[PDB]
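One chain comes next, on its own, written as structure tokens: the form deposited in one PDB entry.
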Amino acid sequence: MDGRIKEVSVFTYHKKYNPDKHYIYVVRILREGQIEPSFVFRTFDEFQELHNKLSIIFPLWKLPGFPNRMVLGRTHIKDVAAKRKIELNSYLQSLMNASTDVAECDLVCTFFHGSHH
């Protein structure tokens, strides 16, 4: 409801068969200046990279918990994708309900800009 991004969510995900490749998460953004949402496409690693970058500049007490994992292979198969849809959504809600200095910072703004980018 905040500064210009008003709503974010992990809308859906897809990909990766005969286990080898990777999932991409579809993120829906609604901004104060638009009527229709925008959509961007982000991997788990991109989310983890965002958290790792924010950790550089912010003490961890200011950030959400990050739902950390991500090997390569051997897993809970890919109920992991389904699980990450929820956990990455909760991360995003927490991030946008953070202190303004975090929720409206350049790292966060950048993450949400650009379909792929």
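Definition used throughout: the rigid core is the maximal C-alpha set that superposes within 1.5 Å between two forms. The first residue of the sequence shown is number 1, and the count goes up from there.
A second form of this protein, the form deposited in another entry, is not displayed here; the remarks below concern that form.
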| query | By the 2 angstroms cut-off, has the C-alpha of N18 moved between this form and the one not shown once the rigid core is superposed? | reply | yes
Check your understanding: Cα of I56 displaced 2 Å or more between this form and the one not shown, core superposed?
Key -> no
| Aligning on the rigid core, do we see the C-alpha of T43 shift 2 angstroms or more between this form and the one not shown? | no
What changes in the other form is the Cα distance between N18 and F39, by 3 Å or more; the two atoms are closer
Working note: in the other form the C-alpha atoms of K16 and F41, off by 3 Å or more, come closer
